[PDB]
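A lone chain, given as structure tokens: the form deposited without this ligand.
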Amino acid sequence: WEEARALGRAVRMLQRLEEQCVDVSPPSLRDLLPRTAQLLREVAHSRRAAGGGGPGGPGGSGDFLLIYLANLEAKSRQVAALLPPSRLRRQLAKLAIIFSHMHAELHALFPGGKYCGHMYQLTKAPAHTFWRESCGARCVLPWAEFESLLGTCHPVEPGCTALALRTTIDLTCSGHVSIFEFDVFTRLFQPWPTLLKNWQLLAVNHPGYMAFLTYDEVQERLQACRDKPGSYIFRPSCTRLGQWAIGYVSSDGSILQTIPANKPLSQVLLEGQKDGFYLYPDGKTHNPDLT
């Protein structure tokens, strides 16, 4: 197979990068590179069997892997071009988050090497039904098709708003939306019936939202606000995908981070405003009205 050869090439590229990264808190390239390579070897061995490939055609296992491996190559070239034989720290942090996402997606859809994209179930039932009714057995769609299918229920305005949506949904920055990425998005921005209003209120129009930040980056950022107890920001958790991590400055100026209950974020923020904890988004004066 061409696919066999592509998988071989990917494993070799991640071994090069692993060796070039020999010089720690999650997400860490040092951890993720060999973990991804080990998972790809498992996929390679599993693809050698008859069936188990699931329902065929666009958006199936073979399509997913063609797109995933091409993206993995592009991301791996970015990391290589950056590594020596702070801008660099930020570029590598963003790429670590992307690699954490690519590993989590491959583990979700090919655990132990074995494809389950046609059986995968989303966490929120309304979103699960939308995916299976709209996309069928497929586990992956190009962005443009996904925007169109999503728009049967939740249309987004073309241009900057749609592009911001794409940036939020596309965890792996591949240009394609997997059923795993849609699971994460619909958990973060529940509840379903107002999905894109929730996303506009939280991820476009809220000063407390940060995208693609690590735990250590939020610990550093909020130190600017340590003399303003009540200051807070929120960002997606890197290690518990689909959940929020709220960073806030406590009464004594300590920067803490907490993962909410499985509740709409708007509710968690409204209750924490009432209780006097989440008051000054990103340390700014104006807390937006989430009613």
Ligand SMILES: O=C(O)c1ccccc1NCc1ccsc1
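Think of the rigid core as the biggest set of C-alphas that the two forms share within 1.5 Å after superposition. When you see a residue number, it is the position in the sequence shown, counting from 1.
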* **At least a third of the other entries leave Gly51 unmodelled** => yes
* Among the other compared PDB entries, is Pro84 dropped in a third or more? -> yes
* To do: If the chain runs straight from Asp23 to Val24, say none; otherwise bin the unmodelled deposited residues as 1 to 3, 4 to 9, or 10 or more.
  => 4 to 9
* To do: With reference to the PDB entry, specify whether the mean Cα temperature factor is higher for 138 to 146 or for 72 to 80.
  => 72 to 80
* Asked: Per the entry, where is the mean C-alpha temperature factor higher: 46 to 54 or 227 to 235?
  -> 46 to 54
* Return the residue from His176, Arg89, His154, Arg132 that has the highest Cα B-factor in the entry. => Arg89
* Ranked by Cα temperature factor within the chain, is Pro85 in the lowest third, the middle third or the highest third? -> highest
* What third of the chain, by the recorded C-alpha B-factor, contains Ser28? -> highest
* To do: Could you say whether, by C-alpha temperature factor, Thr36 belongs to the lowest, middle or highest third of its chain?
  => middle
* To do: Tell me, lowest, middle or highest third: where does the Cα B factor of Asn205 rank within its chain?
  => highest
* Would the CA B-factor of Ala261 place it in the lowest, middle or highest third of its chain? -> highest
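Keep in mind that the form deposited with this ligand bound is missing from the display, and what follows is about it.
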* To do: Using the pose of this ligand in the bound PDB entry, placed onto this unliganded form by C-alpha superposition round the site, state open if no ligand atom is within 2.4 Å of a backbone or C-beta atom and blocked if 3 or more are.
  => blocked
* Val204 near this ligand in the bound PDB entry, any heavy atom under 4.5 Å? -> no
* Answer yes if any heavy atom of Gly53 is within 4.5 Å of a heavy atom of this ligand in the bound PDB entry; otherwise answer no. => yes
* Report yes if any heavy atom of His176 sits within 4.5 Å of a heavy atom of this ligand in the bound PDB entry; otherwise report no. => no
* Asked: Would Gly59 show up as a contact with this ligand in the bound PDB entry if we use heavy atoms at 4.5 Å?
  -> yes
* Asked: this ligand isn't shown here, but in the bound PDB entry which of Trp131, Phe146, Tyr209, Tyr115 has a heavy atom within 4.5 Å of it?
  -> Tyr115
* Could you spot which one of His103, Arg138, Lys75, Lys124 gets a heavy atom to within 4.5 Å of this ligand in the bound PDB entry? => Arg138
* Structure fact -> Answer among 59 to 67, 236 to 244, 261 to 269, 31 to 39 for heavy atoms within 4.5 Å of this ligand in the bound PDB entry: the stretch 59 to 67
* Asked: Given a rigid core superposition of the two forms, which one of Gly54, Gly242, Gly59, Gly247 has its CA shift by 2 angstroms or more between the shown form and the other one?
  -> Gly54
* To do: Specify closer or farther for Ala70 and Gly52: how their Cα atoms are spaced in the bound PDB entry versus the shown form, given a shift of 3 angstroms or more.
  => closer
* Asked: Given that the CA-CA distance for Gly52 and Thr186 shifts by 3 Å or more in the bound PDB entry, does it become closer or farther?
  -> farther
